[PDB]
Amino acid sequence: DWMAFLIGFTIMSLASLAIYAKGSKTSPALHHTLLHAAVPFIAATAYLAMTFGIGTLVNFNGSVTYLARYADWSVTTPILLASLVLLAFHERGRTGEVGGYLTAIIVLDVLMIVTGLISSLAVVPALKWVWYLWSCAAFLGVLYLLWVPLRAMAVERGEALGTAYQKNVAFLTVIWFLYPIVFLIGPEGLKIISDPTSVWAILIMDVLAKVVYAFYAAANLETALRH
């Protein structure tokens, strides 16, 4: 409940501070540290909002949808994707090159979030699942870019940075896949799991995706940079 949101805020607020301090401030690593440190600060703001039910909509039938949660995802996810794109290019790209991939992957990712929110708010089952599927299509669009063309470039340019990108993407894919799963089985979908259970699961997921991943990604870059 409130306790989960307050735990989320505290973890995310501290983590953001920790990620920046601990993170490298040198050359290419710096801009990765800045991006990774920002995500939790957004998540923190979101979680603080959710504790006081700011942005949280209560349907006539007492059903709750957290706008703040989706608002977080709409900004954070793209920032995490942006960091990955830069890794793939090995921190060098000509005018418009990285920008094109960024725009492509952000558009898909943000749409994935927006469509997911439309699905959540949909009170008609048929519509709810049509939109969920479209969201999933967007997610596959994101995953395709990451796993095929971007990963292709990631490996082509060198083993060290290619190894770092592949490690980061793998971790990202598994964690990111939990969100659509939780949605499906959660109160926004099949309603197999309780609101509180889904919220508690998301907190654990959010910490892995934003905090653990950040420290993991830093180690993979630091290991790769050493070579």
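All residue numbers are counted from 1 along the displayed sequence.
- Relative to its counterpart among 136-144 and 119-127, 119-127 has the higher mean temperature factor, C-alpha atoms as listed in the PDB entry.
- Listed residues 111, 82, 71, 98 were ranked by CA B-factor as deposited; 98 comes out on top.
- Ranked against the other modelled residues of its chain, the C-alpha B-factor of residue 45 as given in the entry falls in the lowest third.
- In this PDB entry, residue 51 carries a Cα temperature factor that places it within the middle third of its chain's modelled residues.
- Sorting the modelled residues of the chain by their CA temperature factor places residue 92 in the lowest third.
- Ranked by C-alpha B-factor against the other modelled residues of its chain, residue 39 falls in the lowest third.
- Per the deposited record, the Cα B-factor of residue 14 falls in the highest third when ranked against the other modelled residues of its chain.
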